[PDB]
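*Asks:* Chains as they are written, first to last, in the authors' numbering: chain A, 1358 to 1373; chain B, 5 to 103; chain C, 2 to 101; chain D, 1244 to 1341; chain E, 16 to 503; chain F, 6 to 180.
By construction, the Cβ of each residue, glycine as well, lies at the ideal position given by its N, Cα and C atoms.
What follows is a structure written as structure tokens; I'll ask about it next.
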Amino acid sequence: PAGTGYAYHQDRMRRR
Amino acid sequence: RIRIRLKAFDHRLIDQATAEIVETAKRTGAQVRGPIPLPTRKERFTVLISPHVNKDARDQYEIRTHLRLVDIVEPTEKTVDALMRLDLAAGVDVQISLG
Amino acid sequence: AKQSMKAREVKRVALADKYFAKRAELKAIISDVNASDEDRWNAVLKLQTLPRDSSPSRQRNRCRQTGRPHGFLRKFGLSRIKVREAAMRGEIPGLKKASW
Amino acid sequence: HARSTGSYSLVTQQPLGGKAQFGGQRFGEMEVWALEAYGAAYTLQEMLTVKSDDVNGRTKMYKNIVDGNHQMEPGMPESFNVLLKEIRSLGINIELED
Amino acid sequence: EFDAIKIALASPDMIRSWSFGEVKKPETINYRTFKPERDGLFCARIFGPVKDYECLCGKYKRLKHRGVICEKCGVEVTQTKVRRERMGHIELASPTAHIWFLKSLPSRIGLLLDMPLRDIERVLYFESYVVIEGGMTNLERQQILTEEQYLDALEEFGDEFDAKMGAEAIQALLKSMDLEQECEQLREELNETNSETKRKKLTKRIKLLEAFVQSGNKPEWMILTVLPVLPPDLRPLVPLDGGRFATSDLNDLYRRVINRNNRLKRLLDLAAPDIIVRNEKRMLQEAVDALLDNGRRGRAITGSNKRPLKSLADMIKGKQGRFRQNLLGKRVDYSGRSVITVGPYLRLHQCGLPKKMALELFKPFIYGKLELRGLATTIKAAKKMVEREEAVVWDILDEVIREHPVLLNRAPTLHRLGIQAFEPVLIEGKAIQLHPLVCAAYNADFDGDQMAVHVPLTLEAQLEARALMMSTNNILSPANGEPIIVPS
Amino acid sequence: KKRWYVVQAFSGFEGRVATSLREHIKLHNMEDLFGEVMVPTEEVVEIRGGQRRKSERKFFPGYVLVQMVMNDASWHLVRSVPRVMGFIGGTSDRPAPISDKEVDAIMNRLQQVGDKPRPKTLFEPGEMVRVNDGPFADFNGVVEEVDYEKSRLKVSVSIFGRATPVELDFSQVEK
DNA sequence: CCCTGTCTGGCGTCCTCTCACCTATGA
DNA sequence: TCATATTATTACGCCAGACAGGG
Ligand SMILES: [Zn+2]
């Protein structure tokens, strides 16, 4: 949840 | 001594079974007694074949239960246990009895 | 036979299954010559109290397929007619037409 | 030494170590830190799930590479399931919620 | 797929729900043949069949009835990796308290039952008695009792009096410990005192007392009643080159716990006297405590020769546990390693990479390229082609290299400039040619150094190697503003 | 009066510990301070039929019973006997004797569980019998019919992919 | 009762390569 | 071969953390 995966974790944290 | 009572309706099948059992015995142990044929049970049945009435009209069926007495005189370690593996033909009720 | 008859038979069987231990015991008591008279009497009365369908001499052997009371055979559990059919079809093992 | 796909170890489904055993180079801990230090996230995900540990993930990967579709189905490291069995074999009850 | 990982205590119902069969016999394997033991540690019915979709003994040698269990085999019928997830449970005859909750500093059972560690161990190793709701006598609940203290009490309070010992007694104490009641008391005790030391001693006890009530963790779950066994696949029994089995240490630990538990069940069958079953339960307690965390008790047990054998907690902790050795750092396919050399003709986004390493690291891309053209048909044909190395696979190799970066890595990577991505240029040779300016980033001279190459497989990883980790992108050191591609 | 005590030896060298203990007694001639030395046996007899000799550790599995008195000299004597760890008791200062009734009950139970098992061996239709005494040995099977009056068990151990219902004895099989 | 020696546990660098050596007992 | 089950060396260097002792 830092690099390229920060967009993925934004998406997963938004979709809860 | 292990007495073995083979019972079946088909005689050929029974014979086949007996031979197999003998084979199983003879490789492992020694001095198999032998396949002794006991008397066959011919259980007969009469029935009226008409749905309603005609008494002289009849069918007479029977079931021929064959017996084969195989005996094993010396039960070794290897022999008795072997029985579990060697699978025989279906519709043959066997009945082993040590002593 | 009817469905109803079959049902009745089943019920009877069930009853028999249920009450066997007690009934048998009662019978034994009644028989036992080395026993009290009063006790025997009680046993006899006790038996009466129990349901009739509990008796095994109540249930009739019917065909397992059709429920036909007559023409029954024990070995097959079937009435003659059905037995014959089975034989013809090959459905009874070992059974074939006999001649001698 | 070089390795595309060789044998795999038994207790933790990761490649073997060394040269005589046809093995792969240890992508150690400080290299994991050095890829966290960039923003390389998919490179590290395939560097410790697809290329290394997950057995269904790497067979899906091998079919996808020989068919031209560069894509990974991630899954879970099997050695993390080994961690669950070793912690769970104590009196400790570790799980995975939701 | 899943959010947070939850950790809690393991109830005996929870351990029976994990399990698939009670591991009774300690007998590992047959050892003269190849078959295991029915039913020992490495069972059939409790876990699964060694062979995939096969009854190990004899039935189901095709794919029709997956599941049937005959009486001749006492075997399940599933996959070869099914035993790796399945775990067994050992019905410990005598209760044994966990070593992780008895000696953690501070002990979990030490600041919960308000009893000193020294006194806790005494009773736990059958060397001291403990009272539990005596009755109308002159004795406390936490106060312990010795042989002389019990003997006199035995003749005194022969009636309503309870004074057990070991984990059993401890368990009862924990079991009969009203958590909620203690909270208020502790809270009231903290508000009715001024003692600095006491305040800190009371706040540390009430913190672990209210935290236990907040969760679903019971006080009687500290003592182990249904010991769980790790999956065989995770405690592997492989033979080395020869005719003997190099057995793991956990099999020694589990086999001793099961040997002792069988002895203790037989002695409780036979009604042995008190001192025999106290030594027997004490040896079981020490065996369980040695299985879980070996050596936390007095001098650790050993098999061969004087070196102690490695337990479960030593499979977790340390430099060589699972975290630091298999989960944070892993061994990695599509990777290579060789000695570096200079090659100053390079541009600083590219490095030299040998043809032999290039044909080994890029075997699946070459297979995919060969299958696309139509030169071959099945995969086997392609593996024979690159095993023979014909004249046409080098053009395939120059067409899989072209725009595909690789991660070069010098072995002591200290900062992020020690993993950089290049484009390969193929080398007649066996040495990685590395552009010289980049050497001042790696701290790489050329006195015998070695570097590892890693291949970004997927497409997002090729783009991360080109857009974040490319060597043209690292021209300033991240520690400051100074350029790291300074001419050396 | 000499009371009993329990000694722990290296389990497996127990008869040699007992012999060395008797010999240390007759060396240091404290003959009035030792009565006996017991190692408890069940006398298992099955070395012939089924090579196993009734695999059962003759309880106790590593403990030596000594009729003794307690002086510190005799305590040092028993712990100076080789391959002896120490006594088993409440403490190491004054180690613990057993009792009277305990020892009595122990001996009685040994004999009972000894001689020949016969104490409620009603296998019944369940569990899994393991025949080992007689020809058909090293085999498992269930007992459909049980005959306590005839002291026989109608077990149908699976044989050649079937089931052979035979009548065996309680000592011929194993629960 | 607040300082206090004293004792007990818990750390101690990454990556790689070569070689040899592996429980006793026992009627 | 197939169950039986654990003893006669010392020689790191801090550095926290808990514990009985005493003015
Ligand atoms: Zn099977």
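In chain order, what are the residues with a CB under 5 Å from some non-hydrogen atom of ligand 1?
*Replies:* The filter returns E:70, E:74, E:85 and E:88, in chain order.
*Asks:* Do the region 74-90 of chain C and the region 17-33 of chain B make contact, defined as three or more Cβ pairs closer than 8 Å?
*Replies:* Verdict: no, contact absent.
*Asks:* Quick test of the definition: if touching needs 3 or more C-beta pairs under 8 Å, does the region 13-24 of chain F touch the region 56-70 of chain F?
*Replies:* These segments touch.
*Asks:* At a CB-CB cut-off below 9 Å, which residues of chain B make contact with residue 53 of chain F?
*Replies:* Residue mapping note: residue 53 of chain F aligns to position 48 of the sixth sequence, counting from 1. What residue 53 of chain F touches in chain B: nothing, since even the nearest Cβ is about 12 Å away.
*Asks:* What does the alpha-carbon distance come out to for the pair residue 47 of chain E and residue 261 of chain E?
*Replies:* The residue labelled residue 47 of chain E in the question sits at position 32 within the fifth sequence. The residue labelled residue 261 of chain E in the question sits at position 246 within the fifth sequence. Roughly 14 Å between the two C-alpha positions.
*Asks:* For the region 1276-1290 of chain D, enumerate the residues whose C-beta is nearer than 7 Å to any C-beta of chain A, in chain order.
*Replies:* Answer set for the region 1276-1290 of chain D: 1279, 1281, 1282, 1283, 1284 and 1285.
*Asks:* Across which residues does DSSP place residue 14 of chain E in a beta bridge pair?
*Replies:* No statement about residue 14 of chain E is possible, as the shown extent of chain E runs from 16 to 503 and does not include it.
*Asks:* With a threshold of 7 Å on Cβ separation, who are the neighbours of residue 201 of chain E within its own chain once the five nearest residues in sequence on each side are excluded?
*Replies:* Numbered from 1 along the fifth sequence, position 186 holds the residue referred to as residue 201 of chain E. Only 217, 220, 221 and 224 meet the Cβ criterion.
*Asks:* Looking at the unbroken alpha helix (DSSP H) that takes in residue 104 of chain E, where does it start and where does it end?
*Replies:* For the purposes of this step, residue 104 of chain E is identified with residue 89 of the fifth sequence, where counting begins at 1. Premise fails: residue 104 of chain E lies in the beta strand (DSSP E), 102-112, not in any alpha helix (DSSP H).
*Asks:* Can you tell me the Cα-Cα spacing of residue 117 of chain E and residue 133 of chain E, whole angstroms?
*Replies:* As a first step, residue 117 of chain E is located in the fifth sequence; it is residue number 102 there, counting from the start. As a first step, residue 133 of chain E is located in the fifth sequence; it is residue number 118 there, counting from the start. C-alpha separation (whole angstroms): 11 Å.
*Asks:* Short of 9 Å Cβ to Cβ, which residues in the region 94-122 of chain E face chain D?
*Replies:* Answer set for the region 94-122 of chain E: 96, 99, 100, 102, 113, 115 and 116.
*Asks:* Would you kindly check if the distance between the Cβ of residue 170 of chain F and the Cβ of residue 163 of chain F is under 8 Å?
*Replies:* Here residue 163 of chain F is taken as the residue at index 158 of the sixth sequence, counted from 1. Here residue 170 of chain F is taken as the residue at index 165 of the sixth sequence, counted from 1. In this structure, residue 170 of chain F does not lie closer than 8 Å to residue 163 of chain F by Cβ.
*Asks:* Between residue 86 of chain B and residue 390 of chain E, what straight-line distance do the alpha-carbon atoms span, to the nearest angstrom?
*Replies:* Indexing the second sequence from 1 puts residue 86 of chain B at position 82. Indexing the fifth sequence from 1 puts residue 390 of chain E at position 375. Rounded to whole angstroms, residue 86 of chain B to residue 390 of chain E spans 56 Å at the Cα level.
*Asks:* Going by beta-carbon coordinates alone, are residue 282 of chain E and residue 290 of chain E separated by less than 8 Å?
*Replies:* Here residue 282 of chain E refers to the residue found at position 267 when the fifth sequence is read from its first residue. Here residue 290 of chain E refers to the residue found at position 275 when the fifth sequence is read from its first residue. Going by C-beta atoms, residue 282 of chain E is not nearer than 8 Å to residue 290 of chain E.
*Asks:* For chain D, check one thing: does any of its Cβ atoms lie closer than 8 Å to the Cβ of residue 10 of chain E?
*Replies:* Residue 10 of chain E lies beyond the range of chain E shown here (16 to 503); nothing can be said about it.
*Asks:* May I ask you to list the residues that DSSP assigns as paired with residue 146 of chain F?
*Replies:* By one-based count along the sixth sequence, residue 146 of chain F stands at place 141. Paired residues: F:134.
*Asks:* For a test of the three-state rule: what should DSSP assign to residue 96 of chain E, helix, strand or coil?
*Replies:* Taking the first residue of the fifth sequence as position 1, residue 96 of chain E is located at position 81. Looking at residue 96 of chain E - three-state DSSP - the assignment turns out to be coil, as it is neither helix nor strand.
*Asks:* Does the region 20-40 of chain F touch the region 49-56 of chain F, meaning 3 or more C-beta pairs lie closer than 8 Å?
*Replies:* Too few Cβ pairs lie closer than 8 Å, so no.
*Asks:* Mapping DSSP to helix, strand and coil, what is residue 78 of chain E?
*Replies:* Looking up residue 78 of chain E in the fifth sequence gives position 63. In this structure, residue 78 of chain E counts as coil in the three-state DSSP scheme.
*Asks:* With 16 other CB atoms within 10 Å as the buried threshold, where does residue 505 of chain E fall?
*Replies:* Nothing can be reported for residue 505 of chain E, as the shown portion of chain E is limited to 16 through 503.
*Asks:* Residue 135 of chain E and residue 182 of chain E: beta carbons closer than 8 Å?
*Replies:* Start at 1 with the first residue of the fifth sequence, and residue 135 of chain E comes out as number 120. Start at 1 with the first residue of the fifth sequence, and residue 182 of chain E comes out as number 167. For residue 135 of chain E and residue 182 of chain E, no; Cβs fall outside 8 Å.
*Asks:* Return the chain-ordered list of same chain residues with a C-beta closer than 8 Å to the C-beta of residue 73 of chain E, the five sequence neighbours on each side being excluded.
*Replies:* Along the fifth sequence, read from residue 1 onward, the residue named residue 73 of chain E stands at position 58. Cβ neighbours of residue 73 of chain E beyond the five flanking positions: 87 and 88.
*Asks:* Going along chain F, which residues have a C-beta under 8 Å from residue 294 of chain E?
*Replies:* Start at 1 with the first residue of the fifth sequence, and residue 294 of chain E comes out as number 279. Near residue 294 of chain E (Cβ distances below 8 Å), the residues of chain F are 13 and 93.
*Asks:* Going by DSSP, name the residue or residues bridged to residue 366 of chain E.
*Replies:* As a first step, residue 366 of chain E is located in the fifth sequence; it is residue number 351 there, counting from the start. According to DSSP, residue 366 of chain E bridges with E:439.
*Asks:* Could you tell me which of E:189, E:251 and E:79 sits nearest to residue 93 of chain E, measuring between CA atoms?
*Replies:* What you label residue 93 of chain E is simply residue 78 of the fifth sequence in a count that begins at 1. Looking at the Cα atoms, E:79 is the closest of the given residues.
*Asks:* For a cutoff of 8 Å on Cβ pairs, would you count residue 382 of chain E as touching chain D?
*Replies:* Numbered from its first residue, the fifth sequence carries residue 382 of chain E at position 367. Chain D contact via Cβ: present.
*Asks:* Could you check the C-alpha separation between residue 321 of chain E and residue 150 of chain F for me, to the nearest Å?
*Replies:* The residue labelled residue 321 of chain E in the question sits at position 306 within the fifth sequence. The residue labelled residue 150 of chain F in the question sits at position 145 within the sixth sequence. The alpha-carbon atoms of residue 321 of chain E and residue 150 of chain F are separated by roughly 56 Å.
*Asks:* Is there a C-beta anywhere in chain E that falls below 8 Å from the one on residue 46 of chain F?
*Replies:* In the sixth sequence, the residue the question calls residue 46 of chain F occupies position 41. Taking Cβ atoms only, chain E never reaches closer than 8 Å to residue 46 of chain F, which makes this a no.
*Asks:* Return the residue from the list E:255, E:178, E:247 and E:20 that minimises the CA-CA distance to residue 61 of chain E.
*Replies:* As a position in the fifth sequence, residue 61 of chain E is number 46, starting the count at 1. With distances taken between Cα atoms, residue 61 of chain E lies closest to E:247.
*Asks:* Would you list, in sequence order, the uninterrupted alpha helix (DSSP H) runs of no fewer than 4 residues that lie entirely inside the region 1276-1334 of chain D?
*Replies:* Runs found: 1285-1288, 1298-1309 and 1321-1331.
*Asks:* Would you decide whether residue 53 of chain B is buried or exposed? Buried here means 16 or more other CB atoms lie within 10 Å of its CB.
*Replies:* Numbered from 1 along the second sequence, position 49 holds the residue referred to as residue 53 of chain B. Answer is exposed; the Cβ neighbour count stays below 16.
*Asks:* Going straight from the alpha carbon of residue 1315 of chain D to that of residue 376 of chain E, what length do you get?
*Replies:* On the fourth sequence, residue 1315 of chain D is found 72 positions in, with the first residue counted as 1. On the fifth sequence, residue 376 of chain E is found 361 positions in, with the first residue counted as 1. Distance between the alpha carbons of residue 1315 of chain D and residue 376 of chain E is about 18 Å.
*Asks:* Straight-line CA distance for residue 132 of chain F to residue 179 of chain F?
*Replies:* Taking the sixth sequence and counting its residues from 1, the one referred to as residue 132 of chain F is at position 127. Taking the sixth sequence and counting its residues from 1, the one referred to as residue 179 of chain F is at position 174. Roughly 11 Å separates the two Cα atoms.
*Asks:* At 3 residues or longer, what runs of the beta strand (DSSP E) sit wholly inside the region 123-209 of chain E?
*Replies:* Taking only runs of at least 3 residues, the beta strand (DSSP E) segments lying wholly in the region 123-209 of chain E are 144-146.
*Asks:* On the CB-based measure, 16 or more other CB atoms within 10 Å of its CB, does residue 1264 of chain D come out buried or exposed?
*Replies:* Here residue 1264 of chain D refers to the residue found at position 21 of the fourth sequence. Under this definition residue 1264 of chain D is an exposed residue.
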